[PDB]
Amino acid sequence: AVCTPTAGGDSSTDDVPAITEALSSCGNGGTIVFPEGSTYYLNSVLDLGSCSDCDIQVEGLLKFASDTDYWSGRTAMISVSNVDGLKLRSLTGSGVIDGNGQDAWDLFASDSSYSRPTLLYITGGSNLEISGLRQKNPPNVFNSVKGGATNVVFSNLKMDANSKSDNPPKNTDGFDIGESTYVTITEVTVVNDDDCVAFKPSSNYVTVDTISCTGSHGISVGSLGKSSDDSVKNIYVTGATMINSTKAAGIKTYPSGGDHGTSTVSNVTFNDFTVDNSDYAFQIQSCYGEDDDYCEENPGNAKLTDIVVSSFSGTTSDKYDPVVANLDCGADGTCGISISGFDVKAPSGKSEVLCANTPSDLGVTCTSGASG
């Protein structure tokens, strides 16, 4: 059956109950429709848990309340917990989920203790498809996948976070992919101020194919090792256009000492990247979250194996010219990275790669003085 949630038509009226009742009524194998030209006001967490092989067609605007007191410390704006079989999609392409994040960014700018929710938070479950829609101005992370979710596909998404003030949209990661298997991200555009895609602990079998990121911190493994032994494996990223990003791609691990654990990264390929005014084409950080003196006494021991960086082109920014990559592998770790078709230059035309603890078969000429 097909259900259309009743739109209250006013931002002071929360539409969430109407939406979850529609999902409860039709979500066992049915369809829920937000019609083209509609606006729904979501003034609380939208929990999609009653979905079981359901199809949620978003053709209108779902506008979340900014209500910073309400959202304070909350996990998710849209919560997708242990759902098996979901399609959350715009079939017209007109659907927009607006996180209304401005107030959160401004509050966080003045008070770093302010804790913000993730816009689309998937944990556990299986066979989830998210497609065709725009995500606008999330308070914090756009999309997260964890809890052992399997078979999750994000396709044809337009994601943008733009501040109307001088305070940037901090920590607006496009995709934080944690404990999961068989996640695919394809044909997505991201404009944000943090990681485009971050591979978090226990991510496995992730494919990212054709992505554009502007203003991001790159396609980034980690951070790993903060307080446990963390692994990322079997990752394939191809066709990334990285514009004005701090790095196009990289790996970040904590050093040893304290409560830090060991990081394992195996079989990760970054292929066919276009670098357009990004600060580094590639970066390895092995002293993440600590300083140089700390890392001298507490060396990094990350185990990186079968890391492939292939077919990178373009031009970095002025910032680190002549350096186009900073490969600071840990002193006690394995730095199993191979680079080929690396055609990236700084604006000057130079192409220096800083290295520490890199292997003899790296594939590009190294210069000493890597750090981070």
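Throughout, we count residues from 1 along the sequence that is shown.
(request) Would you mind comparing 315-323 and 57-65 for me and telling me which has the higher average C-alpha temperature factor in the entry? (result) If you average the C-alpha B-factors of 315-323 and of 57-65, the larger mean comes out for 315-323.
(message) Mean CA temperature factor from the deposited coordinates, higher in 273-281 or in 153-161?
(response) Comparing 153-161 with 273-281, the higher mean C-alpha B-factor belongs to 273-281.
(message) Maximum C-alpha temperature factor per the entry, among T246, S126, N298, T207, belongs to which one?
(response) Spelled out: the listed residue with the top C-alpha B-factor is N298.
(message) Is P139 in the lowest, middle or highest third of its chain when residues are ranked by C-alpha B-factor?
(response) CA B-factor rank for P139: lowest third.
(request) Can you work out whether the C-alpha temperature factor of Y114 puts it in the lowest, middle or highest third of the chain? (result) Tercile = middle for this residue's CA B-factor.
(message) Where does the C-alpha B-factor of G349 rank in its chain, lowest, middle or highest third?
(response) As the PDB entry reports it, the C-alpha B-factor of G349 lands in the highest third of its chain.
(request) For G261, return the chain-relative third of its C-alpha B-factor as stated in the PDB record: lowest, middle or highest. (result) Highest third, going by the recorded CA B-factors of the chain.
(request) State the tercile, meaning the lowest, middle or highest third, of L46 with respect to the CA B-factors recorded for its chain. (result) Lowest third, going by the recorded CA B-factors of the chain.
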